[PDB]
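work.txt follows; it contains compact mmCIF, C-alpha atoms and all ligand atoms.
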# COMPACT_ATOMS: atom_id res chain seq x y z
CA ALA A 11 -93.71 -46.96 110.38
CA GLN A 12 -92.37 -49.03 113.27
CA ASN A 13 -88.57 -49.21 113.84
CA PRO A 14 -87.67 -46.67 111.14
CA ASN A 15 -83.94 -46.66 112.09
CA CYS A 16 -83.86 -50.50 111.51
CA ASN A 17 -82.42 -51.32 114.92
CA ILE A 18 -82.01 -54.91 116.08
CA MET A 19 -84.91 -55.65 118.49
CA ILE A 20 -84.78 -58.02 121.44
CA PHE A 21 -87.92 -59.87 122.58
CA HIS A 22 -88.82 -61.54 125.87
CA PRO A 23 -91.96 -63.66 125.17
CA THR A 24 -93.87 -65.10 128.11
CA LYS A 25 -94.48 -68.86 128.24
CA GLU A 26 -97.97 -68.23 126.91
CA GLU A 27 -96.68 -66.14 124.00
CA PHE A 28 -94.12 -68.96 123.24
CA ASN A 29 -96.82 -71.41 122.20
CA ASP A 30 -97.71 -70.21 118.77
CA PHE A 31 -94.54 -69.71 116.69
CA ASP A 32 -96.15 -68.20 113.59
CA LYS A 33 -98.19 -65.76 115.70
CA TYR A 34 -95.08 -64.52 117.52
CA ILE A 35 -93.13 -63.93 114.29
CA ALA A 36 -96.04 -61.92 113.03
CA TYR A 37 -96.10 -59.96 116.31
CA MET A 38 -92.39 -59.15 116.04
CA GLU A 39 -92.96 -57.88 112.51
CA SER A 40 -95.94 -55.72 113.75
CA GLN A 41 -93.32 -53.97 115.93
CA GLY A 42 -90.92 -53.44 112.96
CA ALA A 43 -88.39 -56.16 113.88
CA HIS A 44 -87.83 -57.22 110.29
CA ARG A 45 -86.59 -53.83 109.28
CA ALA A 46 -83.25 -54.64 110.96
CA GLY A 47 -82.83 -57.98 109.16
CA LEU A 48 -82.20 -59.75 112.49
CA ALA A 49 -83.95 -60.06 115.90
CA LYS A 50 -83.02 -61.74 119.18
CA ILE A 51 -85.59 -63.82 121.14
CA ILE A 52 -84.82 -64.68 124.78
CA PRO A 53 -86.99 -67.72 125.71
CA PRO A 54 -89.16 -67.61 128.92
CA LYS A 55 -87.37 -68.77 132.02
CA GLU A 56 -89.58 -71.88 132.23
CA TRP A 57 -88.40 -73.18 128.81
CA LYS A 58 -85.57 -75.51 127.95
CA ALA A 59 -84.40 -77.08 124.68
CA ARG A 60 -83.42 -80.38 126.33
CA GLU A 61 -82.43 -81.62 129.82
CA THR A 62 -78.64 -81.65 129.47
CA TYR A 63 -75.84 -81.49 126.90
CA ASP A 64 -73.76 -84.13 128.76
CA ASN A 65 -74.22 -86.87 126.14
CA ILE A 66 -73.36 -85.18 122.73
CA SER A 67 -69.70 -86.16 122.39
CA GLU A 68 -70.25 -89.07 120.07
CA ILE A 69 -72.03 -87.04 117.31
CA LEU A 70 -69.83 -87.27 114.21
CA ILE A 71 -68.58 -84.33 112.22
CA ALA A 72 -67.97 -86.25 108.94
CA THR A 73 -66.36 -83.35 107.09
CA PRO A 74 -64.87 -80.64 109.32
CA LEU A 75 -63.99 -77.57 107.26
CA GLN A 76 -60.72 -75.55 107.69
CA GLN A 77 -61.50 -71.95 106.79
CA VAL A 78 -58.47 -70.51 104.96
CA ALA A 79 -58.50 -66.74 104.29
CA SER A 80 -57.03 -64.61 101.45
CA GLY A 81 -56.92 -60.83 101.23
CA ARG A 82 -56.53 -58.08 103.79
CA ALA A 83 -57.71 -58.02 107.41
CA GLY A 84 -60.94 -56.18 106.68
CA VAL A 85 -61.68 -57.45 103.14
CA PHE A 86 -61.04 -61.16 102.56
CA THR A 87 -62.43 -64.35 101.18
CA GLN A 88 -62.31 -67.80 102.72
CA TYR A 89 -62.27 -71.28 101.21
CA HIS A 90 -63.13 -74.43 102.91
CA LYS A 91 -60.57 -77.23 103.04
CA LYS A 92 -62.05 -80.59 103.95
CA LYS A 93 -60.46 -82.41 106.95
CA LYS A 94 -60.76 -85.93 108.27
CA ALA A 95 -63.86 -86.89 110.31
CA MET A 96 -63.91 -86.41 114.00
CA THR A 97 -66.41 -86.70 116.88
CA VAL A 98 -67.82 -83.69 118.75
CA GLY A 99 -65.66 -84.73 121.75
CA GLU A 100 -62.56 -84.74 119.59
CA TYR A 101 -63.55 -81.37 118.02
CA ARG A 102 -64.15 -79.81 121.47
CA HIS A 103 -60.65 -80.89 122.57
CA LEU A 104 -59.22 -79.37 119.41
CA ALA A 105 -61.12 -76.07 119.91
CA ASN A 106 -59.69 -75.88 123.49
CA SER A 107 -56.10 -76.55 122.39
CA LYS A 108 -53.44 -73.85 122.60
CA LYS A 109 -53.40 -73.52 118.78
CA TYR A 110 -57.21 -72.81 118.50
CA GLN A 111 -58.48 -71.56 121.83
CA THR A 112 -59.97 -68.09 122.47
CA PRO A 113 -57.25 -65.63 123.63
CA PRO A 114 -57.47 -63.72 126.84
CA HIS A 115 -59.76 -60.73 126.48
CA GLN A 116 -61.53 -58.02 128.50
CA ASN A 117 -65.02 -58.08 127.07
CA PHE A 118 -66.89 -58.80 123.82
CA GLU A 119 -65.70 -55.54 122.24
CA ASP A 120 -62.03 -56.37 122.89
CA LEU A 121 -62.55 -59.84 121.39
CA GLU A 122 -64.26 -58.32 118.35
CA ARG A 123 -61.20 -56.05 117.86
CA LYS A 124 -58.92 -59.04 118.07
CA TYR A 125 -61.09 -61.01 115.56
CA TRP A 126 -60.91 -58.32 112.90
CA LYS A 127 -57.20 -57.63 113.46
CA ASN A 128 -56.06 -61.24 113.39
CA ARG A 129 -58.63 -63.53 111.71
CA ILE A 130 -56.84 -63.82 108.38
CA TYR A 131 -53.63 -65.13 110.00
CA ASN A 132 -55.31 -68.27 111.28
CA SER A 133 -57.35 -71.12 109.77
CA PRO A 134 -60.02 -72.28 112.29
CA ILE A 135 -61.94 -75.57 111.75
CA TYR A 136 -65.79 -75.37 111.59
CA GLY A 137 -68.22 -78.38 111.93
CA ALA A 138 -70.93 -76.85 109.81
CA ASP A 139 -74.00 -77.95 108.11
CA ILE A 140 -74.59 -81.35 109.91
CA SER A 141 -78.18 -82.63 109.41
CA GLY A 142 -79.74 -83.27 112.79
CA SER A 143 -81.31 -81.78 115.97
CA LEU A 144 -80.55 -81.37 119.66
CA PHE A 145 -84.09 -80.43 120.70
CA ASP A 146 -85.81 -83.02 122.89
CA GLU A 147 -88.82 -84.49 121.19
CA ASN A 148 -90.88 -83.48 124.17
CA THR A 149 -90.01 -79.76 123.77
CA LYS A 150 -93.17 -78.41 122.21
CA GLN A 151 -92.35 -74.71 121.94
CA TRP A 152 -89.80 -73.35 119.40
CA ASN A 153 -88.53 -76.80 118.59
CA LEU A 154 -86.63 -76.21 115.31
CA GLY A 155 -87.28 -79.82 114.19
CA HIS A 156 -91.11 -79.37 114.47
CA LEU A 157 -91.72 -76.22 112.54
CA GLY A 158 -94.27 -75.88 109.68
CA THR A 159 -92.45 -76.69 106.46
CA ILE A 160 -91.70 -74.24 103.64
CA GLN A 161 -93.34 -76.67 101.18
CA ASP A 162 -96.54 -76.56 103.20
CA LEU A 163 -96.38 -72.75 103.38
CA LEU A 164 -95.99 -72.48 99.59
CA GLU A 165 -98.91 -74.88 99.19
CA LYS A 166 -101.07 -72.98 101.61
CA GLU A 167 -100.33 -69.60 99.96
CA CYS A 168 -100.23 -70.51 96.32
CA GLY A 169 -102.19 -73.82 96.07
CA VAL A 170 -99.42 -75.85 94.45
CA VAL A 171 -98.18 -79.04 96.06
CA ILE A 172 -94.44 -79.60 95.70
CA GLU A 173 -91.76 -82.19 96.55
CA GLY A 174 -89.05 -81.46 99.12
CA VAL A 175 -88.25 -81.49 102.76
CA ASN A 176 -87.05 -78.94 105.36
CA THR A 177 -84.79 -80.25 108.28
CA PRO A 178 -82.45 -78.53 110.75
CA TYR A 179 -78.69 -78.35 110.73
CA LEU A 180 -76.12 -78.37 113.55
CA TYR A 181 -73.01 -76.17 113.63
CA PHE A 182 -70.04 -76.86 115.93
CA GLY A 183 -67.79 -73.74 116.13
CA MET A 184 -64.50 -72.58 117.59
CA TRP A 185 -62.74 -69.27 118.02
CA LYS A 186 -62.60 -67.33 114.73
CA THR A 187 -64.92 -69.67 112.80
CA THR A 188 -66.66 -67.37 110.35
CA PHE A 189 -69.93 -67.07 108.45
CA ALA A 190 -69.53 -65.00 105.30
CA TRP A 191 -71.92 -62.26 104.12
CA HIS A 192 -75.11 -63.83 102.72
CA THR A 193 -78.87 -63.92 102.59
CA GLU A 194 -80.65 -67.26 102.89
CA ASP A 195 -81.50 -69.52 99.92
CA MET A 196 -84.42 -67.98 98.05
CA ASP A 197 -84.20 -65.04 100.59
CA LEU A 198 -85.97 -67.25 103.22
CA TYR A 199 -86.04 -66.53 106.93
CA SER A 200 -83.66 -68.39 109.20
CA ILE A 201 -83.82 -69.18 112.91
CA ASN A 202 -80.73 -70.10 114.91
CA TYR A 203 -80.59 -71.42 118.49
CA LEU A 204 -77.27 -71.34 120.34
CA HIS A 205 -77.49 -74.61 122.36
CA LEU A 206 -74.26 -74.35 124.32
CA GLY A 207 -70.87 -72.80 124.69
CA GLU A 208 -69.32 -69.50 123.77
CA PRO A 209 -71.09 -66.63 121.99
CA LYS A 210 -71.67 -65.81 118.31
CA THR A 211 -71.35 -62.21 117.08
CA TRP A 212 -73.59 -61.16 114.19
CA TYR A 213 -73.53 -58.28 111.72
CA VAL A 214 -76.63 -57.47 109.59
CA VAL A 215 -77.70 -55.04 106.83
CA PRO A 216 -81.37 -53.92 106.83
CA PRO A 217 -83.27 -55.58 103.92
CA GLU A 218 -84.20 -52.19 102.49
CA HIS A 219 -80.46 -51.49 102.07
CA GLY A 220 -79.21 -54.84 100.84
CA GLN A 221 -78.39 -53.57 97.37
CA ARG A 222 -75.91 -51.08 98.96
CA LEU A 223 -73.98 -54.00 100.38
CA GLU A 224 -74.11 -55.78 97.00
CA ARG A 225 -72.67 -52.74 95.21
CA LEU A 226 -69.82 -52.47 97.72
CA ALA A 227 -69.11 -56.14 97.37
CA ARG A 228 -68.86 -55.84 93.57
CA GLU A 229 -66.30 -53.03 94.07
CA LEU A 230 -64.25 -54.94 96.66
CA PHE A 231 -64.30 -58.33 94.93
CA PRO A 232 -64.12 -57.30 91.29
CA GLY A 233 -62.96 -60.69 89.80
CA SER A 234 -65.70 -62.52 91.66
CA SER A 235 -68.30 -60.05 90.46
CA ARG A 236 -67.28 -60.62 86.79
CA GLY A 237 -67.56 -64.38 87.35
CA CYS A 238 -71.11 -64.27 88.75
CA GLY A 239 -73.94 -61.74 89.02
CA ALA A 240 -74.87 -63.13 92.49
CA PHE A 241 -71.50 -64.16 93.90
CA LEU A 242 -72.48 -63.50 97.53
CA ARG A 243 -74.53 -66.73 97.10
CA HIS A 244 -71.12 -68.48 97.21
CA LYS A 245 -70.84 -67.57 100.89
CA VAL A 246 -67.11 -66.74 100.87
CA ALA A 247 -66.75 -62.94 101.23
CA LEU A 248 -66.04 -60.98 104.42
CA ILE A 249 -66.08 -57.23 104.93
CA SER A 250 -65.35 -55.73 108.37
CA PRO A 251 -67.49 -53.25 110.29
CA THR A 252 -64.72 -50.65 109.84
CA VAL A 253 -64.81 -51.02 106.07
CA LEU A 254 -68.63 -50.93 106.03
CA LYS A 255 -68.55 -47.66 108.07
CA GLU A 256 -65.90 -46.14 105.74
CA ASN A 257 -68.21 -46.86 102.81
CA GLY A 258 -71.40 -45.62 104.43
CA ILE A 259 -73.17 -49.02 104.47
CA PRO A 260 -75.98 -49.20 107.02
CA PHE A 261 -75.57 -52.13 109.44
CA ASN A 262 -75.99 -53.29 113.02
CA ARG A 263 -74.28 -55.79 115.29
CA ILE A 264 -75.24 -57.96 118.25
CA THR A 265 -73.80 -60.86 120.23
CA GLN A 266 -75.89 -64.04 120.76
CA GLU A 267 -75.28 -66.08 123.92
CA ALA A 268 -76.09 -69.67 124.78
CA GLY A 269 -79.84 -70.16 125.33
CA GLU A 270 -80.88 -67.41 122.89
CA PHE A 271 -82.59 -67.52 119.46
CA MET A 272 -81.81 -65.27 116.49
CA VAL A 273 -84.18 -64.83 113.52
CA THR A 274 -82.97 -63.51 110.22
CA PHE A 275 -85.57 -61.94 107.94
CA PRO A 276 -85.97 -62.19 104.15
CA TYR A 277 -83.15 -60.45 102.28
CA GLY A 278 -81.32 -59.53 105.54
CA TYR A 279 -77.62 -59.90 104.72
CA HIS A 280 -75.68 -61.25 107.69
CA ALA A 281 -72.15 -62.36 108.68
CA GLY A 282 -70.37 -63.18 111.93
CA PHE A 283 -68.00 -65.22 113.99
CA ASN A 284 -67.86 -67.58 116.96
CA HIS A 285 -66.05 -66.66 120.20
CA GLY A 286 -64.97 -70.17 121.17
CA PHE A 287 -66.29 -73.75 121.25
CA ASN A 288 -70.08 -73.75 120.68
CA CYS A 289 -72.97 -75.59 119.12
CA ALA A 290 -75.86 -73.95 117.22
CA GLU A 291 -78.91 -75.35 115.39
CA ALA A 292 -80.55 -73.52 112.50
CA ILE A 293 -83.24 -74.01 109.88
CA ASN A 294 -84.90 -71.96 107.14
CA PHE A 295 -88.63 -71.13 107.31
CA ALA A 296 -91.23 -69.09 105.44
CA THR A 297 -94.30 -66.98 106.21
CA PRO A 298 -96.83 -65.38 103.87
CA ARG A 299 -94.70 -62.25 103.71
CA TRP A 300 -91.75 -64.24 102.32
CA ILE A 301 -93.46 -65.15 99.03
CA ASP A 302 -92.76 -61.81 97.39
CA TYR A 303 -89.09 -62.02 98.40
CA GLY A 304 -88.82 -65.54 97.05
CA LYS A 305 -90.16 -64.38 93.68
CA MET A 306 -87.48 -61.64 93.48
CA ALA A 307 -84.48 -63.52 94.94
CA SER A 308 -81.24 -63.44 93.01
CA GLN A 309 -79.78 -66.47 91.85
CA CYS A 310 -76.27 -67.90 91.16
CA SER A 311 -76.20 -69.89 87.92
CA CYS A 312 -72.33 -70.05 87.51
CA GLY A 313 -72.15 -73.37 89.24
CA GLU A 314 -70.49 -72.33 92.44
CA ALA A 315 -73.42 -72.05 94.87
CA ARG A 316 -74.78 -75.67 94.63
CA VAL A 317 -77.72 -76.20 97.03
CA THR A 318 -80.25 -78.66 98.35
CA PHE A 319 -82.78 -80.66 96.48
CA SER A 320 -85.70 -78.67 97.84
CA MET A 321 -84.67 -75.38 96.22
CA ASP A 322 -85.56 -76.81 92.78
CA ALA A 323 -89.29 -76.49 93.36
CA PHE A 324 -88.98 -73.00 94.80
CA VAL A 325 -87.23 -71.77 91.65
CA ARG A 326 -89.49 -73.75 89.35
CA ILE A 327 -92.74 -72.36 90.79
CA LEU A 328 -91.71 -68.87 91.91
CA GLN A 329 -89.17 -68.06 89.16
CA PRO A 330 -90.10 -70.05 86.03
CA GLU A 331 -88.23 -67.67 83.66
CA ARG A 332 -84.96 -68.25 85.58
CA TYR A 333 -85.46 -71.99 86.08
CA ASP A 334 -83.68 -73.36 82.99
CA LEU A 335 -80.52 -71.28 83.57
CA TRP A 336 -80.40 -71.94 87.33
CA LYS A 337 -80.85 -75.70 86.84
CA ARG A 338 -77.93 -75.75 84.34
CA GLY A 339 -75.88 -74.21 87.21
CA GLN A 340 -77.00 -77.11 89.40
CA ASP A 341 -75.87 -79.71 86.73
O1 LIG B 401 -74.15 -69.95 112.64
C1 LIG B 401 -73.62 -69.89 111.43
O2 LIG B 401 -72.45 -70.32 111.10
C2 LIG B 401 -74.36 -69.34 110.25
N1 LIG B 401 -75.82 -69.24 110.53
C3 LIG B 401 -76.65 -68.57 109.77
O3 LIG B 401 -76.25 -67.92 108.72
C4 LIG B 401 -78.08 -68.55 110.08
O4 LIG B 401 -78.54 -69.10 111.10
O5 LIG B 401 -78.80 -68.01 109.19
MG MG B 402 -73.19 -88.46 121.53
NI NI B 403 -77.73 -67.43 107.44
ZN ZN B 404 -72.16 -68.00 91.13
As structure tokens, the full file:
Amino acid sequence: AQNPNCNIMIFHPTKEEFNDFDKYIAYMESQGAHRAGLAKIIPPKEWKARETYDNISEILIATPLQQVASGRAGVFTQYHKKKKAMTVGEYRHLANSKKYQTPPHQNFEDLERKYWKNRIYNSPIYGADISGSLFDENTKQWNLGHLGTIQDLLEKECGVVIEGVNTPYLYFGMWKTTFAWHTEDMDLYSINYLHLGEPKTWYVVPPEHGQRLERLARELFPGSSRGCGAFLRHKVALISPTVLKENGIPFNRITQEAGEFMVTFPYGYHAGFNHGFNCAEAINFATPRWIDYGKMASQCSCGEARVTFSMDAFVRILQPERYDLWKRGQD
């Protein structure tokens, strides 16, 4: 078995290997990359996502989200308070302000210490989940707006044609902006490209151990667990690396820098934080190996998780017994 300790693997594809996206994912899996739940891909030196980032300031962030924490430094939830619209240039100025900017630090490990010590005492503002793309249309390799769709994959594997669409999303971050512990909708893959700015630190639990994280979470968030049998689908709970280690939960960590891709694998729980002003693009995707995970994915039906239009067909075809209850949660 390849990668039996479930370490995060880093890949350096050549320009020739960067042509065929599906083939390269399958290659990474042949080497055991999926066992970690997360892999890093450093693009060939010849590649670029677009020519420059000099002209992005007028993108609108219609609903910036202030991430307000509750709990203790290593075990907390966050809620999202909606703020007034602002442009990317306005948001960048805000991220760089004395109130929000990255503190002085020695290295990524010092900054990570400072994040976990101090996160809960601040409420950073995240421009998340903005439909759109920063890849140039002429970028032919690893262009996250030009990937094979999940609907087409399901149709190819299973023969059933379904409604729905699959487009990327932009994320504008600042110091301390946080992504809570989660797997993707329907335990899909994700791919995330850090277009510009400061790094993103990731934490990940191997897919084979995801239920250990779920059992800890039920213990640490006992009210939430009574409310919903899949409350991590709400994407609000944070648990620090120190608390994971104290409870024997297997995990790994890695920092993504500008110009790098990350892939999350089916049922790989992940969480993390941004170091300072940045912009990332991400999208879900599927492969043949996903189908069995999609069939077994948990679902929130309490009403909290509310998701896209396109998840309806995935539930309906892959999980017909659960469909009626899940759809009630949607309505
Ligand atoms: O970058 C973020 O805020 C969160 N991203 C992801 O969870 C992802 O790409 O799967
Ligand atoms: Mg612009
Ligand atoms: Ni994710
Ligand atoms: Zn729920």
Around the point (-74.6, -76.5, 88.5), in the coordinates given by the file, pick out the residues reaching within 10 Å, counting all atoms listed in the file, and return them as a JSON list (two decimals) with C-alpha atoms, in the frame of the given file.
[["chain", "number", "residue", "atom", "x", "y", "z"],
["A", 310, "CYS", "CA", -76.27, -67.90, 91.16],
["A", 311, "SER", "CA", -76.20, -69.89, 87.92],
["A", 312, "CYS", "CA", -72.33, -70.05, 87.51],
["A", 313, "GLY", "CA", -72.15, -73.37, 89.24],
["A", 314, "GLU", "CA", -70.49, -72.33, 92.44],
["A", 315, "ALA", "CA", -73.42, -72.05, 94.87],
["A", 316, "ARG", "CA", -74.78, -75.67, 94.63],
["A", 317, "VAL", "CA", -77.72, -76.20, 97.03],
["A", 335, "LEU", "CA", -80.52, -71.28, 83.57],
["A", 336, "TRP", "CA", -80.40, -71.94, 87.33],
["A", 337, "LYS", "CA", -80.85, -75.70, 86.84],
["A", 338, "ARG", "CA", -77.93, -75.75, 84.34],
["A", 339, "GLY", "CA", -75.88, -74.21, 87.21],
["A", 340, "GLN", "CA", -77.00, -77.11, 89.40],
["A", 341, "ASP", "CA", -75.87, -79.71, 86.73]]
Using only C-alpha atoms and all ligand atoms, can you tell me which of A:286, A:155, A:239, A:137 comes closest to ligand LIG 401 (chain B)? A:137
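Distances here use all atoms listed in the file; by that measure, the residue among A:78, A:35, A:144, A:48 closest to residue A:266 is A:48.
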Could you pull out the residues sitting within 10 Å of ligand LIG 401 (chain B), using only C-alpha atoms and all ligand atoms, and write them as JSON, numbers by chain? {"A": [48, 136, 137, 138, 139, 179, 180, 181, 182, 183, 187, 188, 189, 190, 191, 192, 193, 194, 195, 198, 199, 200, 201, 202, 203, 204, 210, 211, 212, 245, 271, 272, 273, 274, 275, 278, 279, 280, 281, 282, 283, 284, 288, 289, 290, 291, 292, 293, 294]}
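Pairwise distance (atom CA of residue A:176, atom CA of residue A:140) equals 13.5 Å.
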Can you pull out every residue within 6 Å of stretch 94-100 of chain A, counting all atoms listed in the file, but drop anything in the same chain fewer than 4 positions away, and send it as a PyMOL selection string? chain A and resi 67-73
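Picture a line from atom CA of residue A:49 to atom CA of residue A:225; it runs 24.7 Å.
With atom CA of residue A:47 on one side and atom CA of residue A:163 on the other, the separation reads 20.9 Å.
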So which one's closest to ligand ZN 404 (chain B), A:301, A:16, A:240, A:249? Using only C-alpha atoms and all ligand atoms, please. A:240
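Taking all atoms listed in the file into account, residue A:306 lies nearest to A:332 out of the set A:285, A:103, A:332, A:44.
Considering only C-alpha atoms and all ligand atoms, the residue among A:322, A:173, A:63, A:276 positioned nearest to ligand NI 403 (chain B) is A:276.
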For a cut-off of 10 Å around (-65.7, -67.5, 124.0), file coordinates, pick out all residues using all atoms listed in the file and list them as a PDB file with C-alpha atoms, in the frame of the given file.
ATOM      1  CA  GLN A 111     -58.480 -71.560 121.830  1.00  0.00           C
ATOM      2  CA  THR A 112     -59.970 -68.090 122.470  1.00  0.00           C
ATOM      3  CA  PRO A 113     -57.250 -65.630 123.630  1.00  0.00           C
ATOM      4  CA  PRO A 114     -57.470 -63.720 126.840  1.00  0.00           C
ATOM      5  CA  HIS A 115     -59.760 -60.730 126.480  1.00  0.00           C
ATOM      6  CA  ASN A 117     -65.020 -58.080 127.070  1.00  0.00           C
ATOM      7  CA  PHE A 118     -66.890 -58.800 123.820  1.00  0.00           C
ATOM      8  CA  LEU A 121     -62.550 -59.840 121.390  1.00  0.00           C
ATOM      9  CA  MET A 184     -64.500 -72.580 117.590  1.00  0.00           C
ATOM     10  CA  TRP A 185     -62.740 -69.270 118.020  1.00  0.00           C
ATOM     11  CA  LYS A 186     -62.600 -67.330 114.730  1.00  0.00           C
ATOM     12  CA  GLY A 207     -70.870 -72.800 124.690  1.00  0.00           C
ATOM     13  CA  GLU A 208     -69.320 -69.500 123.770  1.00  0.00           C
ATOM     14  CA  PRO A 209     -71.090 -66.630 121.990  1.00  0.00           C
ATOM     15  CA  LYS A 210     -71.670 -65.810 118.310  1.00  0.00           C
ATOM     16  CA  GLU A 267     -75.280 -66.080 123.920  1.00  0.00           C
ATOM     17  CA  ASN A 284     -67.860 -67.580 116.960  1.00  0.00           C
ATOM     18  CA  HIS A 285     -66.050 -66.660 120.200  1.00  0.00           C
ATOM     19  CA  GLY A 286     -64.970 -70.170 121.170  1.00  0.00           C
ATOM     20  CA  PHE A 287     -66.290 -73.750 121.250  1.00  0.00           C
ATOM     21  CA  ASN A 288     -70.080 -73.750 120.680  1.00  0.00           C
TER      22      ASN A 288
END
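Using all atoms listed in the file, the shortest contact distance between residue A:23 and any of A:110, A:295, A:57, A:126 is found at A:57.
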Identify, on the basis of all atoms listed in the file, every residue whose closest approach to residue A:14 does not exceed 10 Å; exclude the query and any residue fewer than 6 positions from it along the same chain; express the result as a VMD selection string. chain A and resid 42 to 43 45 to 46
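Using all atoms listed in the file, the contacts of stretch 39-41 of chain A at a cut-off of 9 Å, with sequence neighbours closer than 6 positions omitted, comprise residues 11, 12, 13 and 19 of chain A.
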Write the residues you've just listed into a file as an mmCIF file, in the coordinates of the input, and include C-alpha atoms for each of them.
data_model
loop_
_atom_site.group_PDB
_atom_site.id
_atom_site.type_symbol
_atom_site.label_atom_id
_atom_site.label_comp_id
_atom_site.auth_asym_id
_atom_site.auth_seq_id
_atom_site.Cartn_x
_atom_site.Cartn_y
_atom_site.Cartn_z
ATOM 1 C CA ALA A 11 -93.710 -46.960 110.380
ATOM 2 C CA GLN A 12 -92.370 -49.030 113.270
ATOM 3 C CA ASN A 13 -88.570 -49.210 113.840
ATOM 4 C CA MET A 19 -84.910 -55.650 118.490
#
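Using only C-alpha atoms, the contacts of residue A:175 at a cut-off of 8 Å, with sequence neighbours closer than 4 positions omitted, comprise residues 159, 161 and 320 of chain A.
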Save out the residues we just selected, C-alpha atoms, as a compact mmCIF listing (two decimals), keeping the file's coordinate frame.
# COMPACT_ATOMS: atom_id res chain seq x y z
CA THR A 159 -92.45 -76.69 106.46
CA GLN A 161 -93.34 -76.67 101.18
CA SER A 320 -85.70 -78.67 97.84
